[PDB]
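Here's the structure we're looking at; comments come further down.
For reference, chains read A, B, C, D, E, F and G in written order, and residue numbers begin at 1 within each chain.
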Amino acid sequence: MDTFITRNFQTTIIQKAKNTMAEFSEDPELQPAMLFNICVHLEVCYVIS
Amino acid sequence: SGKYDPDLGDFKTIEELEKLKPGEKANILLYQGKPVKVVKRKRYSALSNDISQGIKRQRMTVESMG
Amino acid sequence: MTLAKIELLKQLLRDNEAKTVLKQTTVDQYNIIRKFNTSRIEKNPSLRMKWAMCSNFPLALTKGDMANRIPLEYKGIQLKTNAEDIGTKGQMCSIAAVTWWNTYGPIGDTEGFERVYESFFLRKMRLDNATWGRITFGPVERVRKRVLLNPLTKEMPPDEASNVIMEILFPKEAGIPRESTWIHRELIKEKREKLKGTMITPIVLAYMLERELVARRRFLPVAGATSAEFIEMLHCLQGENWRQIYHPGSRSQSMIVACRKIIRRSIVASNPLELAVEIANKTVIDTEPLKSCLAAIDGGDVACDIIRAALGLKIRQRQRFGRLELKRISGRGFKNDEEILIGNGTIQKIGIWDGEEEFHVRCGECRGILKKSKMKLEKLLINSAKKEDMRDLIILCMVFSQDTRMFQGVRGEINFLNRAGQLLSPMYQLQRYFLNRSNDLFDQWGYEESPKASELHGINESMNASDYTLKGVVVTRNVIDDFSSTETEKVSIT
Amino acid sequence: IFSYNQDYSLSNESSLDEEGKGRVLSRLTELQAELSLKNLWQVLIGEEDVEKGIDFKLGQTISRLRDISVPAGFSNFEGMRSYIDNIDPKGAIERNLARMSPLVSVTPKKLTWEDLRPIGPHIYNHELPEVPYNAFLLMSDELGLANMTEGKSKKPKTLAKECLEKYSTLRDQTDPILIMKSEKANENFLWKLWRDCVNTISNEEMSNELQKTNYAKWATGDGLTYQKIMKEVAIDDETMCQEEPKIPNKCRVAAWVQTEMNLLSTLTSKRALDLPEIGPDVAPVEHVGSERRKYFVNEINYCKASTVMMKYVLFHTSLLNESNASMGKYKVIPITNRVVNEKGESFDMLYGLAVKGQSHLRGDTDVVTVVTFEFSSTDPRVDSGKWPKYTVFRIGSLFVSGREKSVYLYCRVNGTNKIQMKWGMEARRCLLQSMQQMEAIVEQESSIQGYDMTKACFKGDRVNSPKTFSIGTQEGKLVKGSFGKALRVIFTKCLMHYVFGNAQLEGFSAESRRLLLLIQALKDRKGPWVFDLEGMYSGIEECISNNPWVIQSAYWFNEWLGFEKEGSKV
Amino acid sequence: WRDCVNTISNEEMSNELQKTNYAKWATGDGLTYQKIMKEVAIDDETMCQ
Amino acid sequence: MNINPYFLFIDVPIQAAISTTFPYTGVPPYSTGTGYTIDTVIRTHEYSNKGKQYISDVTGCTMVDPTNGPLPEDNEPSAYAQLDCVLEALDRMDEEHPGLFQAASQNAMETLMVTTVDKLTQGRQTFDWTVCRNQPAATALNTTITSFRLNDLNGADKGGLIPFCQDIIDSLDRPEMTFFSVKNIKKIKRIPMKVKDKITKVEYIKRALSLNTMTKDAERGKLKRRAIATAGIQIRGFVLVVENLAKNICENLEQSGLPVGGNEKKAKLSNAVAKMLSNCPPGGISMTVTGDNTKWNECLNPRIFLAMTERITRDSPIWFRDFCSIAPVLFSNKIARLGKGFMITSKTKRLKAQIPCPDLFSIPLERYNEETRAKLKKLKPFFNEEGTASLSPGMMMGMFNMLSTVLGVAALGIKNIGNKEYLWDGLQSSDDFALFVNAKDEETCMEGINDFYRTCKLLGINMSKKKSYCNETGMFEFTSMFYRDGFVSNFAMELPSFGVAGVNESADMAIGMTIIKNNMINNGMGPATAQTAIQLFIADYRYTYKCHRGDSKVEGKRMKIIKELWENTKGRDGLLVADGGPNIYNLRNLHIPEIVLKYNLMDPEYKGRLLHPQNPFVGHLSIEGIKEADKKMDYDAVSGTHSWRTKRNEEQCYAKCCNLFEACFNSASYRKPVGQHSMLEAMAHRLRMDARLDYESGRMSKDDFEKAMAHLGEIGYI
Amino acid sequence: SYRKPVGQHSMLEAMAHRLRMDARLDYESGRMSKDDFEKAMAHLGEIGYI
């Protein structure tokens, strides 16, 4: 899944999602679906704003 | 935008799609089927620009608070 | 035919199995459904073809109105039969009808071949206008390299290639164009205009476009030029003990410069990654963002690799130190901080690698194998490629190995910066110092007897193929081929 | 809130314009489509199920199988898992080695010249029978009924008809003189079958199928076959045993193999091997290639081995065509060839006839029987050990230029299959094997001095002498041989590797290559060591049983090893 | 010509080309015939004035 | 004078003339396989007879466990592998590489969560238990999917391989098992029908664990025959996942010859030998052992592979660790089917009868031949009543190539034993290993070689002391590639590849010319050899398709028409070799299809006729092979009359559903479709839109429209 | 570039002087310890120009 995240998302959004996961002590690697969800959430928020 | 929305009746082709003025609603088929409702765009988009501007605003806010 | 389509659909649905499978399998699952074929593949194609060519009607003709152009028997020669078929539900025919069609019959349109098969005719053009020269029968040194077999109009990754092909020759089923059609808009419109006015089956055009766009790369033994134009003719140009002169009938430097400029602009600021990616995806080269040639070539300069990492792309996982490309072979090095006195008399606290290690080392055209222990270089094997490249390889491997002799060979000072005005780590400061003054550690390094052997021969400090070589350095008159398993392993970006 | 199915819920409908909602929905739909294409959509789990993870638990039977499939000393797979995850070996290999018996080891012994001994000494022994001729067709004994033709290519039946028409004495011969009936075949069956063959070939009708269809059934032995019953009766009956395996005979070195090797590797005024044209050569490299190709074909074309190879290829092609076209009817097949002389006269040569049995076979490994009658000028009584499988006649005599010589007919029953039948038409690759190596040879020479030597190696020039290999021997004195003769020898070696090829040949070559490479290492003073020499020797020599080429290869290997031993003194 | 202008516009004192590729392949300097020993030419039949 | 071809080696090195030694021009050996299978079972159990012998209580078949068994006291092959030593080798490999195991396992898991069930359709013939035969992988998978539907098993419709493996593991617990079996009912005619058959749990377990056998006839360079085993579909997913994991691990390992093929392998070989030559101490000797392992799969216990899988996934999700450990479990309890049985005949009555394997022991052994007598007297203990042999220990050839290679590389990488003054390293690939041992003299070199041999014997690996030898570095052979003094002759074995590809005229020609050019690039085939290969290939191509030069006086059905075309068209240099045209191909233009090559030389009428936009000889469904020629080789051809196809030699359900979907959505045939809806509704919507567009364009009549819409409404989509 | 005591000096003499000066400079800058210094002068003493 991580390959799809790298391809379809910018490195900036990935970094923000990884930082958010770290704040919650959640490993992005062990929960790639959650990382994708957070990246999509950030992307849609930026797109709205 | 939206689902099938049969109010438009049957689907319309790309050539007939262009006839619709900006902001209209049309009933189209996406990929292999998948009926959906679409709206003609009034602009050209750039997702990368939007993301970059959002990041710029975010870091401007971070610096201003800092 | 649409009525025939609906009638066939109704007849198929009349059976309950069709009704239950169609209403059960989603569109995505269709692929699986297609792959449930017999797979009763012919065991020996040669024997099958031989037998079939002798049969009365081996050709499987598709049902249609074409057959009426030709009688079932012409000039007393049987051509086609009206018997029904079960395998294909069409008719049967013989090569006699094919030859007659090549002789007489409907005359088609010649326009389509001017542009549809553009790649093949470009191949022929490059062959015809090529200029040949002499033949050198002497032995040829060849290196195994990852080369592109055929030239490409615009190299793109397979998924982008498929999406572009669909956007070209499949106007329907084009939901939500991705961030790939705008990049290749010129290619889209050019191919669309060129292929318009044809009647060839769409699958043929799709496969030809895939060949024309999707890259094909392989390991090959090459000597000399490496562009796809020369690789096309590599079977004639090269030779184990013979070589031929051939001249077949840019953006790279610009992208290098642009990536370097972006790196320098972004580094000086804080949070360089976001600024760098903003400029990279906001840049353009005359028709397209930077994700049109970066995604084309494999790897490249370190700046391009860093930018690709900042963007979304795959980069070869070779370790870049200065100019050296390093590939670990074995051993694990423990990076531990240590306080070491430099030859200038100053004392620096830097990280040193405890333990033995070995790396394939590349620099420009120079390849070699380096084996190093902690605080010492042990062995280095190289091939004679170029004086400049060999000197760069020697010096850079010297600095990287962190040999105590290299530290004791310093004579000037280490306080340099970059174009952005930043103080670097002592390793890169030493790299710059030694590259600027190559004749600093070379003099005090010490010399070693020549590698007495059949082929192993030494090299002196001046890079000339002269005996009484450097301690450890060895030049073998063979071919060193390295850098296997380009896994492109997952790499993070800070 | 936005969903992947193009629907949304907004607290206020004026917060976002049409464009914003459309764009977000388009991005979501694109993400969904890309995930579905990558099959991640089903795997993807939303913001309520992403806290669970994949579920894949083992049932009862599989768990029990895992429990009982643990190495010795364990009693449950949980125990093994914990042991592997926790225990750390820090020298277990040395602990095991420190106790393993010292009676196990590679037994490393250095290999010297004396250790190497001749392979397959039993061939020398005279008590064993001389190896027989088991090849499909005669090679150095073929008699070509040659008819000059304008060049027209005609059906083989008509060609054989005309060839016999020219030689009325042999066509109409009807009283045979049995020279030898080998062991089992019946003279009456074979002679009557041959007479039917001649009558069918000479008949007015274009049909080339046997007109008897019943006498051949017993002549070819098709009816002499067992009848299959069901398993129950075989179980009940006590006399239905299992046939003991039939091992090949252990034979000795013959003499006909050497003579054929010599004769097939000599120039003949007759040439048959012809090749299609290719496009004009414009590059210098293809010009050099054309020169080399011409120099090679000028040599190979005139060797008799090329004619034999073409005869084999044509016969097998015709056999395959007849089998595919005709399945359950006996057929007549001339062994035809086409031969162009130096003057350009395209003679058609008839070498004999063959009756093809019933080839109605679904599979490929199934055997089809064919009986071959071959014209020859050799009286077998000169060497009866070469022909223990052949029943022959003496069907007359002929004059080639005024020197009368007899003409016999060698008759033999044999069997083939679709695999060998196809490989017959793929036997032309021998030519390639003959060129590749020589090409390499020439290229090596070109590497030494810059210019091209293909004229120098073949014929020589004013600066370099013609290249000569070591080819033969006589009275213990090895003899050199021109480049062309060496190329001929290699081509004949490849042709024999084909014709006498079977399991024994493969097992012999692939296992004697070990000794070949060991000798090569010894000649370079690499001091090769071996672990079990007698094992390799036994492996090699368990293949020299009855294949004539294998026995002659063993003989030549022993002779060459003796030569290398005597020459190693320097 | 591009290589020539690049060399002219650089900073090194020397006026020496460093990209010898196009210079070598443009003036037909690689198409010159190779001289062989006279004996081969005498033996050869295709070598004519 | 007596000729002697061997004398060629007096004036030439063997490696230079090595190509002539191999008899790769004659008929390869070809074949009952029951004897060979029984012999293989006998040898497999014999090597491990000293292990722990117990009886499986899940299936009732005898099992022999050699792992952790007695240490061998003789040179004979030993399957007694010590688990602790295997774990030590794995730990040393892990230490020598940075988290390679974790990366490989994670990547395998990720690509597994993306894999679909249909990937199991690839490969070769597979054992089908519904019929207890060997059937094409696609057909076997389809039949098992169909059977599972009856016993409340699902997941194939769910897509990914995870649900399919989950319900496969579930199936082993169902108290019954229903499926469809072929019934050849007599009616005289033998008509096949489908009969709903049922089998119990033990029978189904045995069927799933059974390994079908066949004779490896295609072999070229081996006198004695070996038996190749095909496994069922219920092991294909797990074996595939473990093989992918092992490939991921071994690809990074520089000691692994697989999966890289071609010039890459030569590069690795030369690089390794150069490395070892560089690493030699001063005046020391680096000896190369040319090894050819034997019994490479009759000594490898699947329990060792289970341990390797568990250790490799040390840090991974529990579910994945359990999933990837199923294949070693299934292989550790496998059963072997036994050919078709022996044949007994009486010559006094001209009677013969083949005895099916289940009846092997229904006959007094005094009637089989003495050799088969001993074979059966030794096979009796493990013989199952149904006619199968219980074969727990060892592996059949071809299953775990990557995992066995990884174990071999683990053995290689130890690099030292007891800190003795030597080192070793080498190349290993699927039963072929070449070793290099560096020391200060020959004696220490062989001390190291013996130590490595002993270490191999501690893992079930038993290098062949008869097929192996040792010499000085710089001359050896690896996987039939010979290295000598830097010269790596690609042993010319691609000769049996110049025959027509048997797909069609243009495609066969393109494949042949590409083969010639690739051989020139790779194997060093000289220009003269390539020209002669072109000549021979063109001869065979003209002969096989009955199309020679129009001028030539040869007679034939198509030849008369070719003759007619020869003078009916003026431009005679543009015809194709399939139309009796003159050959034009040479070395310089093997990379160009001839149709484009002769495009200028053709005549307007000829090119119009041949390159017609529509050809009854060209069909859409015939395009499947236009990309890859069956190994999948890429070839470049051109659409034309000569692009035809040969005649053919829930089936119809799936086949016609897919065909109709392709005919509706022409884009489906090229790229995977996307959608979360039933196929029926997609087709209905597309057909409704197409009907409306056809009418609006005037291509369909009004009555036609009404009929189409009536049918669509009957379908229930309007 | 030019440190040769040219002017008919024997090349061995020039080498001896060059190595003497190089050892002196190495010791003065600290590139060599006193042990290496004395070893080098020992060998240079054995040369004959020292």
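To be clear about the criterion, a contact is a pair of C-beta atoms (placed from the backbone, for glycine too) under 8 Å apart; a residue touches a chain by one contact, two chains touch by 3 or more.
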Check: Apart from chain E, which chains are still tied to one another through touching, counting links that pass through other chains?
Finding: one piece
Checklist line | Most widely separated chain from chain C, with each centre as the mean of CA atoms | finding: G
Next item on the list: Using mean Cα positions, find the chain sitting nearest the overall protein centre.
Entry: F
Check: Between which chains do we find the greatest number of C-beta pairs in contact?
Finding: D-F
Next item on the list: Let me have the rounded angstrom distance from the C-alpha centre of chain A over to the C-alpha centre of chain G, please.
Entry: 67
Note to self: Averaging over Cα atoms per chain, report the distance between chain B and chain G in Å.
What the structure shows: 82
Notebook entry, point to check: At what distance in angstrom does the C-alpha mean of chain F lie from that of chain C?
Noted result: 27
Next item on the list: Determine the centre-to-centre distance between chain A and chain B, using the mean Cα coordinates as centres, and give it in whole Å.
Entry: 23
Notebook entry, point to check: So which stretches of chain F touch two or more other chains?
Noted result: 113, 116, 159, 499, 524, 527, 530, 587-589, 665, 667-668, 672-677, 682-683
Check: Which residue numbers or ranges of chain A touch two or more of the other chains?
Finding: 1-2, 8, 10, 12, 43, 47
Margin query: Among all residues of chain C, which ones touch two or more of the remaining chains?
Written below: 27-28, 44, 46-47, 50, 54, 133-136, 172-173, 175-176, 236, 240, 274, 277, 281, 490
Note to self: Show me the residue ranges of chain D that touch chain E in the complex, using the header's touch definition.
What the structure shows: 450-451, 455, 461-463
Checklist line | Complex contact set, residues of chain G against chain C | finding: 26, 29-31
Margin query: Quick check: in the complex, which residue numbers of chain A touch chain D?
Written below: 1, 4, 8, 31, 33-34, 36-37, 40, 43-44, 47-48
Next item on the list: Could you please specify the touching residues of chain C with respect to chain A in the complex?
Entry: 273-274, 277, 281, 309-312, 490, 493
Notebook entry, point to check: Which residues, counting only chain A, touch chain B once they are in their complex?
Noted result: 10, 12-13, 43, 45-47, 49
